[PDB]
Amino acid sequence: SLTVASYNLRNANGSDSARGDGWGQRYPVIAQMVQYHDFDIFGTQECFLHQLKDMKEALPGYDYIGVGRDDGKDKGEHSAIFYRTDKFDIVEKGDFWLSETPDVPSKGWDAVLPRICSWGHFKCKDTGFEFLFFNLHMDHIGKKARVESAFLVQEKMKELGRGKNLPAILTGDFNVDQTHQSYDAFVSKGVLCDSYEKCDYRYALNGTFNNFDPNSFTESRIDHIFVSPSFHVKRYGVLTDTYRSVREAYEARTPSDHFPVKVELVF
Ligand SMILES: [Mg+2]
């Protein structure tokens, strides 16, 4: 019934631009995808502020929440959440760091960089249905930080209902795949389920990371959408959409180095 997504948009850098995967070329395609596949609300990873402004401008009808992970204002990568303003209101929103001091910009446990989870308390403008939407990007080095981040996020899921026990959706780039201990940490308490396992219908012609290679295949999934067990998950899809650029013959290009994960859930 409603469509949610998780999409790592890939931080802008000159090195991509050089290889022909520049942000300026990708982002217009990303935005088209968001509009065509009708994402109602989606978590993004890796955007600098200027990337968020580009996307906001390409997406009339959408707004976003979430602060920079470096200083909690505008600096650094965001775990930004985009949403259609005609479908959802924000009741409350916030951000916490994946660390022992979640309230402030900080690194956690054995991680090498600061990591942020951003969240919204949303209300469906049509049906009044209310829910929590979380979105994060995990550390690549800190294995303990990833396991602890999972328990931390689940604690936050109990604290943030504003008085209710709200159902939760959690998107993100979890860095390691479904065979890891941090994945099991998310699903082991009965508090969240993997959309991939729970969906009525599953369309998955690939895993989620592609490395800007249009010919890659993996069974690994490092981008997940986890939902409270009370959600009906009607459909799960990996979108393998590609655009083309003139070679130096055209060649296939991925809009990001991940594929988006699209989930349809009943509200
Ligand atoms: Mg990346």
# chains A, B, ... in the order shown; residues from 1 in each chain; ligands from 1
>>> residues_around(residues="residue A:139", least_positions_apart="6", cutoff="10 Å", atoms="only C-alpha atoms", output="list in words")
residues 98, 107, 108, 110, 111, 112, 113, 114, 115, 116, 145, 146, 149, 173, 174, 175 and 176 of chain A
>>> select_by_dssp(residues="stretch 80-251 of chain A", states="strand (DSSP E)", output="count of residues only")
60
>>> residues_near_ligand(ligand="ligand 1", cutoff="8 Å", atoms="only C-alpha atoms and all ligand atoms", output="list in words")
residues 8, 10, 11, 46, 257 and 258 of chain A
>>> atom_distance(atom1="atom CA of residue A:9", atom2="atom CA of residue A:26")
8.9 Å
>>> residues_around(residues="residue A:51", least_positions_apart="4", cutoff="8 Å", atoms="only C-alpha atoms", output="list in words")
residues 12, 47 and 55 of chain A
>>> write_last_selection(atoms="N, CA, C and O atoms", output="PDB file, in the first residue's frame")
ATOM      1  N   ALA A  12      29.663  12.532  -3.019  1.00  0.00           N
ATOM      2  CA  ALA A  12      30.247  13.182  -4.189  1.00  0.00           C
ATOM      3  C   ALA A  12      31.752  13.302  -3.995  1.00  0.00           C
ATOM      4  O   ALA A  12      32.223  13.643  -2.894  1.00  0.00           O
ATOM      5  N   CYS A  47      25.110  11.430   1.581  1.00  0.00           N
ATOM      6  CA  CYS A  47      24.994  12.742   0.944  1.00  0.00           C
ATOM      7  C   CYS A  47      25.655  13.821   1.801  1.00  0.00           C
ATOM      8  O   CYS A  47      25.377  13.900   3.014  1.00  0.00           O
ATOM      9  N   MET A  55      19.123  17.144  -4.631  1.00  0.00           N
ATOM     10  CA  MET A  55      18.041  16.143  -4.684  1.00  0.00           C
ATOM     11  C   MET A  55      16.726  16.838  -4.332  1.00  0.00           C
ATOM     12  O   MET A  55      15.709  16.651  -4.982  1.00  0.00           O
TER      13      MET A  55
END
>>> residues_around(residues="residue A:161", least_positions_apart="4", cutoff="8 Å", atoms="only C-alpha atoms", output="MDAnalysis selection string")
chainID A and resid 121 132 157 165:166
>>> write_last_selection(atoms="N, CA, C and O atoms", output="PDB file, in the first residue's frame")
ATOM      1  N   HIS A 121       9.165  10.883  13.492  1.00  0.00           N
ATOM      2  CA  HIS A 121       7.878  10.397  13.891  1.00  0.00           C
ATOM      3  C   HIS A 121       6.846  10.919  12.895  1.00  0.00           C
ATOM      4  O   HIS A 121       6.545  12.137  12.836  1.00  0.00           O
ATOM      5  N   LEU A 132       7.372   5.285  13.467  1.00  0.00           N
ATOM      6  CA  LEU A 132       8.757   5.758  13.497  1.00  0.00           C
ATOM      7  C   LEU A 132       9.527   5.309  12.248  1.00  0.00           C
ATOM      8  O   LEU A 132       9.430   4.144  11.830  1.00  0.00           O
ATOM      9  N   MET A 157      14.106   2.832  19.750  1.00  0.00           N
ATOM     10  CA  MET A 157      12.776   2.537  19.208  1.00  0.00           C
ATOM     11  C   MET A 157      11.738   2.496  20.335  1.00  0.00           C
ATOM     12  O   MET A 157      10.574   2.753  20.092  1.00  0.00           O
ATOM     13  N   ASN A 165       3.319   3.096  21.790  1.00  0.00           N
ATOM     14  CA  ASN A 165       4.281   2.121  21.273  1.00  0.00           C
ATOM     15  C   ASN A 165       4.146   2.131  19.751  1.00  0.00           C
ATOM     16  O   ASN A 165       3.232   1.521  19.215  1.00  0.00           O
ATOM     17  N   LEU A 166       4.928   2.968  19.080  1.00  0.00           N
ATOM     18  CA  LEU A 166       4.810   3.120  17.634  1.00  0.00           C
ATOM     19  C   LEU A 166       5.487   1.995  16.889  1.00  0.00           C
ATOM     20  O   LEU A 166       6.593   1.606  17.243  1.00  0.00           O
TER      21      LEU A 166
END
>>> decode(residues="stretch 3-36 of chain A", atoms="N, CA and C atoms", output="PDB file, in the first residue's frame")
ATOM      1  N   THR A   3       4.895   2.893  -0.166  1.00  0.00           N
ATOM      2  CA  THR A   3       6.215   2.519  -0.659  1.00  0.00           C
ATOM      3  C   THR A   3       7.342   3.194   0.118  1.00  0.00           C
ATOM      4  N   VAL A   4       8.202   2.390   0.737  1.00  0.00           N
ATOM      5  CA  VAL A   4       9.422   2.882   1.395  1.00  0.00           C
ATOM      6  C   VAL A   4      10.684   2.336   0.725  1.00  0.00           C
ATOM      7  N   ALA A   5      11.817   3.024   0.889  1.00  0.00           N
ATOM      8  CA  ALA A   5      12.994   2.619   0.176  1.00  0.00           C
ATOM      9  C   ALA A   5      14.205   2.938   1.014  1.00  0.00           C
ATOM     10  N   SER A   6      15.311   2.282   0.676  1.00  0.00           N
ATOM     11  CA  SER A   6      16.624   2.626   1.237  1.00  0.00           C
ATOM     12  C   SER A   6      17.626   2.751   0.108  1.00  0.00           C
ATOM     13  N   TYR A   7      18.294   3.877   0.038  1.00  0.00           N
ATOM     14  CA  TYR A   7      19.138   4.166  -1.108  1.00  0.00           C
ATOM     15  C   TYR A   7      20.390   4.953  -0.717  1.00  0.00           C
ATOM     16  N   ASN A   8      21.538   4.278  -0.794  1.00  0.00           N
ATOM     17  CA  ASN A   8      22.848   4.901  -0.595  1.00  0.00           C
ATOM     18  C   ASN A   8      23.245   5.607  -1.904  1.00  0.00           C
ATOM     19  N   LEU A   9      23.286   6.937  -1.859  1.00  0.00           N
ATOM     20  CA  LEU A   9      23.414   7.787  -3.062  1.00  0.00           C
ATOM     21  C   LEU A   9      24.871   8.056  -3.455  1.00  0.00           C
ATOM     22  N   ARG A  10      25.802   7.672  -2.568  1.00  0.00           N
ATOM     23  CA  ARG A  10      27.231   7.636  -2.839  1.00  0.00           C
ATOM     24  C   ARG A  10      27.788   9.066  -2.696  1.00  0.00           C
ATOM     25  N   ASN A  11      28.730   9.271  -1.765  1.00  0.00           N
ATOM     26  CA  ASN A  11      29.234  10.639  -1.522  1.00  0.00           C
ATOM     27  C   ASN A  11      29.864  11.234  -2.791  1.00  0.00           C
ATOM     28  N   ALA A  12      29.663  12.532  -3.019  1.00  0.00           N
ATOM     29  CA  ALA A  12      30.247  13.182  -4.189  1.00  0.00           C
ATOM     30  C   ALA A  12      31.752  13.302  -3.995  1.00  0.00           C
ATOM     31  N   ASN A  13      32.504  12.931  -5.025  1.00  0.00           N
ATOM     32  CA  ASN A  13      33.964  13.075  -5.034  1.00  0.00           C
ATOM     33  C   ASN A  13      34.461  13.137  -6.485  1.00  0.00           C
ATOM     34  N   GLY A  14      35.651  13.715  -6.660  1.00  0.00           N
ATOM     35  CA  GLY A  14      36.230  13.934  -7.990  1.00  0.00           C
ATOM     36  C   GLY A  14      36.673  12.630  -8.632  1.00  0.00           C
ATOM     37  N   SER A  15      36.909  11.618  -7.808  1.00  0.00           N
ATOM     38  CA  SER A  15      37.394  10.336  -8.277  1.00  0.00           C
ATOM     39  C   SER A  15      36.322   9.567  -9.083  1.00  0.00           C
ATOM     40  N   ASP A  16      35.101   9.552  -8.554  1.00  0.00           N
ATOM     41  CA  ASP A  16      33.938   9.125  -9.333  1.00  0.00           C
ATOM     42  C   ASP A  16      33.780   9.939 -10.599  1.00  0.00           C
ATOM     43  N   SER A  17      33.823  11.271 -10.471  1.00  0.00           N
ATOM     44  CA  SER A  17      33.588  12.142 -11.616  1.00  0.00           C
ATOM     45  C   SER A  17      34.524  11.800 -12.755  1.00  0.00           C
ATOM     46  N   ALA A  18      35.782  11.525 -12.407  1.00  0.00           N
ATOM     47  CA  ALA A  18      36.830  11.074 -13.320  1.00  0.00           C
ATOM     48  C   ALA A  18      36.523   9.743 -14.041  1.00  0.00           C
ATOM     49  N   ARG A  19      35.888   8.801 -13.339  1.00  0.00           N
ATOM     50  CA  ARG A  19      35.581   7.494 -13.882  1.00  0.00           C
ATOM     51  C   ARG A  19      34.254   7.513 -14.647  1.00  0.00           C
ATOM     52  N   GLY A  20      33.635   8.677 -14.719  1.00  0.00           N
ATOM     53  CA  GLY A  20      32.378   8.827 -15.404  1.00  0.00           C
ATOM     54  C   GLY A  20      31.160   8.488 -14.541  1.00  0.00           C
ATOM     55  N   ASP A  21      31.326   8.467 -13.212  1.00  0.00           N
ATOM     56  CA  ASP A  21      30.187   8.248 -12.300  1.00  0.00           C
ATOM     57  C   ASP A  21      29.982   9.489 -11.444  1.00  0.00           C
ATOM     58  N   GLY A  22      30.125  10.646 -12.061  1.00  0.00           N
ATOM     59  CA  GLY A  22      30.039  11.860 -11.308  1.00  0.00           C
ATOM     60  C   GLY A  22      28.648  12.112 -10.805  1.00  0.00           C
ATOM     61  N   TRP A  23      28.606  12.704  -9.614  1.00  0.00           N
ATOM     62  CA  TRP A  23      27.369  13.096  -8.962  1.00  0.00           C
ATOM     63  C   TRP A  23      26.481  13.899  -9.890  1.00  0.00           C
ATOM     64  N   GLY A  24      27.056  14.846 -10.643  1.00  0.00           N
ATOM     65  CA  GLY A  24      26.243  15.754 -11.490  1.00  0.00           C
ATOM     66  C   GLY A  24      25.492  15.013 -12.603  1.00  0.00           C
ATOM     67  N   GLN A  25      26.049  13.897 -13.020  1.00  0.00           N
ATOM     68  CA  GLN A  25      25.453  13.042 -14.028  1.00  0.00           C
ATOM     69  C   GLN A  25      24.469  12.025 -13.388  1.00  0.00           C
ATOM     70  N   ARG A  26      24.770  11.552 -12.171  1.00  0.00           N
ATOM     71  CA  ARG A  26      23.953  10.490 -11.560  1.00  0.00           C
ATOM     72  C   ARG A  26      22.688  11.068 -10.975  1.00  0.00           C
ATOM     73  N   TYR A  27      22.816  12.172 -10.260  1.00  0.00           N
ATOM     74  CA  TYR A  27      21.703  12.588  -9.427  1.00  0.00           C
ATOM     75  C   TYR A  27      20.388  12.851 -10.158  1.00  0.00           C
ATOM     76  N   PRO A  28      20.451  13.403 -11.397  1.00  0.00           N
ATOM     77  CA  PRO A  28      19.190  13.577 -12.133  1.00  0.00           C
ATOM     78  C   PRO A  28      18.487  12.249 -12.429  1.00  0.00           C
ATOM     79  N   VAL A  29      19.272  11.186 -12.623  1.00  0.00           N
ATOM     80  CA  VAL A  29      18.729   9.825 -12.820  1.00  0.00           C
ATOM     81  C   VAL A  29      18.137   9.223 -11.545  1.00  0.00           C
ATOM     82  N   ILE A  30      18.868   9.343 -10.445  1.00  0.00           N
ATOM     83  CA  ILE A  30      18.360   8.992  -9.119  1.00  0.00           C
ATOM     84  C   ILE A  30      16.977   9.620  -8.881  1.00  0.00           C
ATOM     85  N   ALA A  31      16.796  10.905  -9.224  1.00  0.00           N
ATOM     86  CA  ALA A  31      15.613  11.625  -8.795  1.00  0.00           C
ATOM     87  C   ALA A  31      14.435  11.101  -9.623  1.00  0.00           C
ATOM     88  N   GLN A  32      14.687  10.895 -10.924  1.00  0.00           N
ATOM     89  CA  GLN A  32      13.741  10.253 -11.825  1.00  0.00           C
ATOM     90  C   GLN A  32      13.281   8.916 -11.302  1.00  0.00           C
ATOM     91  N   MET A  33      14.213   8.124 -10.796  1.00  0.00           N
ATOM     92  CA  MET A  33      13.874   6.826 -10.238  1.00  0.00           C
ATOM     93  C   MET A  33      12.961   6.944  -9.037  1.00  0.00           C
ATOM     94  N   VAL A  34      13.281   7.869  -8.135  1.00  0.00           N
ATOM     95  CA  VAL A  34      12.480   8.137  -6.953  1.00  0.00           C
ATOM     96  C   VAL A  34      11.030   8.488  -7.381  1.00  0.00           C
ATOM     97  N   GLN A  35      10.910   9.360  -8.388  1.00  0.00           N
ATOM     98  CA  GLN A  35       9.595   9.799  -8.838  1.00  0.00           C
ATOM     99  C   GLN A  35       8.839   8.679  -9.555  1.00  0.00           C
ATOM    100  N   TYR A  36       9.518   7.974 -10.465  1.00  0.00           N
ATOM    101  CA  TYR A  36       8.867   6.929 -11.259  1.00  0.00           C
ATOM    102  C   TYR A  36       8.424   5.759 -10.382  1.00  0.00           C
TER     103      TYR A  36
END
